[PDB]
Amino acid sequence: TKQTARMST
Amino acid sequence: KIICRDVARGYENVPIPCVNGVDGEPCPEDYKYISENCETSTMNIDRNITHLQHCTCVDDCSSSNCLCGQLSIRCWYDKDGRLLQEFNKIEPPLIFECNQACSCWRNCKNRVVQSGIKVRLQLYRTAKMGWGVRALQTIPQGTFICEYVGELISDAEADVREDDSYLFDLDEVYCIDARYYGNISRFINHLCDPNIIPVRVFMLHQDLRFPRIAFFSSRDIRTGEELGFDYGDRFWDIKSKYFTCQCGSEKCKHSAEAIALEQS
Ligand SMILES: C[S@@+](CC[C@H](N)C(=O)[O-])C[C@H]1O[C@@H](n2cnc3c(N)ncnc32)[C@H](O)[C@@H]1O
Ligand SMILES: [Zn+2]
Ligand SMILES: [Zn+2]
Ligand SMILES: [Zn+2]
Ligand SMILES: [Zn+2]
């Protein structure tokens, strides 16, 4: 879980 | 009718025009178009040419003798530079292209992403998803489209960026933020029924902290179709609490109804 949204492969 | 003839201002192999048939909004200019990743703080990428694994091929690198193909598991490109049908579009392998240490020529079969954009794309205004990118030509399955290009930042820096609409995780993990510096890929929307996939690729360096993100078509794409990939749950776990998916697929995983249903 991170603070910001991340796109990913 | 055309607003900008090329939002890339000649930086790509082909132009990328911009149109807006929806409203009077000008094509976006609140970012800097760059064609290769940039740094706004020291990244310390390992660029040592002697650290490259490389092949000793005397041919076009289509044989079992190619180390680079083996690093990739196999060379996944066919004679036309498209991914083999056998390519795993669900869980893509790491691709190691040939590089400046290889004995092969620059036109060997294992250098697709490093040769850049070849297909005709258009930046356009969508109905419900802001700006998006669509095809101006037929794009066969397995074709390289474009790279996700932006500002290289640390995981920690990424977690404190105010705008998290353009963050792409590369994996001490790093991230590409295309908010302030980016290419055409920054405008590619999310689709729950996607027609492109991102793939991690190594070219002129093999620093594993810094894969480059290459988009390939995962099926045939027809002229006029919007390009989109599955942004993934590390995007939607957060974003679904602020807005809902407008892709309109009957398979949509992040729609208002899908989100309400899961919350209930
Ligand atoms: C990488 S940007 C894509 C380009 C963006 N549409 C623009 O105009 O700059 C991602 C943002 O586009 C919007 N977006 C992309 N896909 C969407 C979708 N399927 N449904 C709703 N909004 C979407 C969201 O604001 C998301 O944070
Ligand atoms: Zn080779
Ligand atoms: Zn090689
Ligand atoms: Zn080669
Ligand atoms: Zn959807």
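Proteins get letters first, then strands, A, B, ... in listed order; numbering begins at 1 in each. No hydrogens, no waters, no symmetry mates; every other heavy atom, side chains included, goes into these values.
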Exercise. Could you tell me whether B/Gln85 atom CD has more than 12 heavy atoms of other residues or ligands within 6.0 Å of it?
Key: no
Exercise. Among B/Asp163, B/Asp155, B/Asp237, single out the residue with the greatest number of heavy-atom pairs under 4.5 Å to chain A.
Key: B/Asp155
Self-check item: Nearest-0.5 Å distance that lies between atom OG1 in B/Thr126 and atom CD in B/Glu226
Solution: 6.0 Å
Self-check item: B/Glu225 atom CD, over 12 foreign heavy atoms within 6.0 Å
Solution: yes
Exercise. Side chain from CB out, backbone as N, CA, C, O: work out which of these in B/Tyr166 comes under 4.5 Å of a heavy atom of chain A, or both, or neither.
Key: backbone
Self-check item: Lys/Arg cation over aromatic B/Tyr31: B/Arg186, 6.0 Å, 45° cone
Solution: yes
Practice problem: Would you mind checking which part of B/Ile238 comes under 4.5 Å of any heavy atom in chain A, side chain (CB onward), backbone (N, CA, C, O), both or neither? | Solution: side chain
Practice problem: Measure B/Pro92 against the heavy atoms of chain A and call it side chain, backbone, both or neither at under 4.5 Å. | Solution: neither
Quiz item: Is the shortest heavy-atom distance from the side chain of B/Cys146 to the side chain of B/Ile188 under 4.5 Å?
Solution: yes
Quiz item: So what's closer than 4.5 Å to chain A heavy atoms on B/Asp230: side chain, backbone, both or neither?
Solution: backbone
Quiz item: So what's closer than 4.5 Å to chain A heavy atoms on B/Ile176: side chain, backbone, both or neither?
Solution: neither
